[PDB]
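> If it helps, the file is called final_25.pdb and holds PDB, C-alpha atoms:
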```pdb
ATOM      1  CA  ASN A   1       0.000   0.000   0.000
ATOM      2  CA  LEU A   2       1.139   3.666  -0.200
ATOM      3  CA  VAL A   3       2.308   3.845   3.395
ATOM      4  CA  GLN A   4       4.624   0.850   2.724
ATOM      5  CA  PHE A   5       5.806   2.681  -0.391
ATOM      6  CA  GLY A   6       6.730   5.582   1.910
ATOM      7  CA  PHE A   7       8.584   3.201   4.167
ATOM      8  CA  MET A   8      10.429   1.762   1.124
ATOM      9  CA  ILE A   9      11.558   5.230   0.106
ATOM     10  CA  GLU A  10      12.863   5.948   3.685
ATOM     11  CA  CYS A  11      14.593   2.599   3.729
ATOM     12  CA  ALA A  12      16.242   3.175   0.294
ATOM     13  CA  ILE A  13      17.450   6.689   1.103
ATOM     14  CA  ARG A  14      18.481   5.757   4.712
ATOM     15  CA  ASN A  15      16.019   8.365   6.050
ATOM     16  CA  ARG A  16      18.023  11.194   4.322
ATOM     17  CA  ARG A  17      14.693  12.926   3.474
ATOM     18  CA  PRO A  18      11.125  12.268   4.581
ATOM     19  CA  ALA A  19       9.093  10.297   2.079
ATOM     20  CA  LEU A  20       7.016  13.513   1.850
ATOM     21  CA  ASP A  21       9.866  15.174  -0.276
ATOM     22  CA  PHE A  22       8.907  12.722  -3.051
ATOM     23  CA  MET A  23       5.214  13.639  -2.932
ATOM     24  CA  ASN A  24       5.684  17.129  -4.482
ATOM     25  CA  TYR A  25       8.385  16.732  -7.085
ATOM     26  CA  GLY A  26       8.190  17.484 -10.833
ATOM     27  CA  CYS A  27       5.133  16.474 -12.892
ATOM     28  CA  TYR A  28       4.565  12.921 -11.601
ATOM     29  CA  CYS A  29       5.780  12.618  -8.020
ATOM     30  CA  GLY A  30       2.655  13.317  -6.082
ATOM     31  CA  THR A  31       1.604  16.104  -8.412
ATOM     32  CA  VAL A  32      -0.300  16.062 -11.718
ATOM     33  CA  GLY A  33       0.616  12.746 -13.426
ATOM     34  CA  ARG A  34       1.032  14.229 -16.943
ATOM     35  CA  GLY A  35       3.535  16.187 -19.163
ATOM     36  CA  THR A  36       7.253  15.604 -19.834
ATOM     37  CA  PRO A  37       8.984  14.464 -16.671
ATOM     38  CA  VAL A  38      11.264  17.238 -15.441
ATOM     39  CA  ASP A  39      14.129  14.842 -14.885
ATOM     40  CA  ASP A  40      14.869  11.141 -14.475
ATOM     41  CA  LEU A  41      13.787  11.272 -10.823
ATOM     42  CA  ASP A  42      10.346  12.523 -11.857
ATOM     43  CA  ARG A  43      10.287   9.801 -14.516
ATOM     44  CA  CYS A  44      10.587   7.174 -11.737
ATOM     45  CA  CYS A  45       7.048   8.357 -10.676
ATOM     46  CA  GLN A  46       5.751   8.273 -14.149
ATOM     47  CA  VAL A  47       6.947   4.633 -14.408
ATOM     48  CA  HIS A  48       5.477   3.801 -11.025
ATOM     49  CA  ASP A  49       2.008   5.172 -12.247
ATOM     50  CA  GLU A  50       2.342   2.929 -15.388
ATOM     51  CA  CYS A  51       3.201  -0.078 -13.163
ATOM     52  CA  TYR A  52       0.097   0.555 -11.045
ATOM     53  CA  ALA A  53      -1.997   0.916 -14.250
ATOM     54  CA  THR A  54      -0.824  -2.566 -15.220
ATOM     55  CA  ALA A  55      -1.606  -3.897 -11.695
ATOM     56  CA  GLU A  56      -5.138  -2.559 -12.100
ATOM     57  CA  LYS A  57      -5.502  -4.404 -15.409
ATOM     58  CA  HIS A  58      -4.420  -7.558 -13.595
ATOM     59  CA  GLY A  59      -7.365  -7.026 -11.192
ATOM     60  CA  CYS A  60      -5.268  -5.589  -8.337
ATOM     61  CA  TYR A  61      -5.880  -2.413  -6.314
ATOM     62  CA  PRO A  62      -2.296  -1.315  -5.870
ATOM     63  CA  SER A  63      -2.771   1.635  -3.532
ATOM     64  CA  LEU A  64      -4.744  -0.684  -1.232
ATOM     65  CA  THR A  65      -2.849  -3.954  -1.456
ATOM     66  CA  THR A  66      -0.765  -4.740   1.611
ATOM     67  CA  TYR A  67       2.356  -6.747   0.753
ATOM     68  CA  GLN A  68       5.431  -8.156   2.681
ATOM     69  CA  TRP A  69       8.814  -6.739   2.221
ATOM     70  CA  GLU A  70      12.035  -6.269   4.152
ATOM     71  CA  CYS A  71      14.296  -3.274   4.793
ATOM     72  CA  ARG A  72      17.730  -5.044   4.779
ATOM     73  CA  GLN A  73      21.267  -4.011   5.707
ATOM     74  CA  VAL A  74      22.168  -3.557   2.067
ATOM     75  CA  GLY A  75      18.903  -2.827   0.367
ATOM     76  CA  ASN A  76      15.285  -3.695   0.214
ATOM     77  CA  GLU A  77      13.554  -6.896  -0.807
ATOM     78  CA  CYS A  78       9.995  -8.109  -1.472
ATOM     79  CA  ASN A  79       8.891 -11.446   0.080
ATOM     80  CA  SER A  80       5.198 -11.418  -0.789
ATOM     81  CA  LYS A  81       2.588 -14.109  -1.273
ATOM     82  CA  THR A  82      -0.455 -13.378  -3.405
ATOM     83  CA  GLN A  83      -0.147 -12.560  -7.113
ATOM     84  CA  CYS A  84      -1.291  -8.985  -6.442
ATOM     85  CA  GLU A  85       0.964  -8.582  -3.447
ATOM     86  CA  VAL A  86       4.025  -9.832  -5.392
ATOM     87  CA  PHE A  87       3.270  -7.492  -8.342
ATOM     88  CA  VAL A  88       2.437  -4.371  -6.327
ATOM     89  CA  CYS A  89       5.444  -4.867  -4.019
ATOM     90  CA  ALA A  90       7.570  -5.156  -7.173
ATOM     91  CA  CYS A  91       6.140  -1.891  -8.600
ATOM     92  CA  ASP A  92       6.920  -0.119  -5.269
ATOM     93  CA  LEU A  93      10.357  -1.691  -4.871
ATOM     94  CA  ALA A  94      11.420  -0.633  -8.466
ATOM     95  CA  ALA A  95      10.094   2.969  -7.882
ATOM     96  CA  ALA A  96      11.871   3.267  -4.464
ATOM     97  CA  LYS A  97      15.189   1.993  -5.870
ATOM     98  CA  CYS A  98      14.689   4.398  -8.882
ATOM     99  CA  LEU A  99      13.950   7.390  -6.662
ATOM    100  CA  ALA A 100      16.885   6.594  -4.346
ATOM    101  CA  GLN A 101      19.349   6.473  -7.276
ATOM    102  CA  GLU A 102      18.275   9.412  -9.418
ATOM    103  CA  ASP A 103      19.576  12.900  -8.763
ATOM    104  CA  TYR A 104      17.269  14.953  -6.528
ATOM    105  CA  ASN A 105      17.274  18.483  -7.827
ATOM    106  CA  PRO A 106      15.856  20.760  -5.083
ATOM    107  CA  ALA A 107      14.723  23.258  -7.764
ATOM    108  CA  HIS A 108      12.346  20.534  -8.940
ATOM    109  CA  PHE A 109      10.537  20.356  -5.622
ATOM    110  CA  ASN A 110       7.199  22.215  -5.773
ATOM    111  CA  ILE A 111       7.452  23.323  -9.448
ATOM    112  CA  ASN A 112       5.030  25.306 -11.622
ATOM    113  CA  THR A 113       3.015  22.355 -12.933
ATOM    114  CA  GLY A 114       0.557  24.608 -14.851
ATOM    115  CA  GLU A 115       3.532  25.785 -16.994
ATOM    116  CA  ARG A 116       5.791  22.687 -17.015
ATOM    117  CA  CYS A 117       3.372  19.777 -17.153
ATOM    118  CA  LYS A 118       1.395  20.294 -20.420
TER     119      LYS A 118
END
```
Can you turn what I pasted into structure tokens?

Amino acid sequence: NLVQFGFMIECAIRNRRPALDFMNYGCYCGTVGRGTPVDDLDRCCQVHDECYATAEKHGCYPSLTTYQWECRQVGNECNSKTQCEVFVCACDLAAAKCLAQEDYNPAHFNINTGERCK
């Protein structure tokens, strides 16, 4: 579910930033969900939305599915059981690893989405 996604982000970035910093970034990270991503970090969110769109086609409800995962010494891992749980955990794990690796440009926090996201 989305709270676990938050936890994944904190795990991946070793609590460097609150998960909330990734909920107002660019055109896709917690903002409008359309336009050209402003950078590769924003594109992580666009990809995560596409992964959830697939999960919905599979008959899952990704924002609501509660999965099993682990925050390890060296990274995170999914260890989930149902088909939906496996898939949604995978979508969240890929997005959290993506967000943790891409460059976080502070000028891309809280952007003008009216102007930049058409």
> Name the residues captured by the PyMOL selection byres ((chain A and resi 75-88) around 12) when it is applied to the shown file; answer as an NGL selection string.
:A and (1-2 or 4-5 or 7-14 or 48-74 or 89-97 or 100)
> What do you get, as a ChimeraX atom specification, if you spell out every residue that the PyMOL selection byres ((chain A and resi 101-116) around 7) selects here?
/A:24-27,40-41,97-100,117-118
> For a test of reading the model, state the distance in Å between CA of residue 33 (chain A) and CA of residue 20 (chain A), rounded to one decimal.
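One can read the CA of residue 33 (chain A) to CA of residue 20 (chain A) distance as 16.6 Å.
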> For CA of residue 43 (chain A) and CA of residue 21 (chain A), determine how far apart the two atoms are, in Å to one decimal place.
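The value is 15.2 Å.
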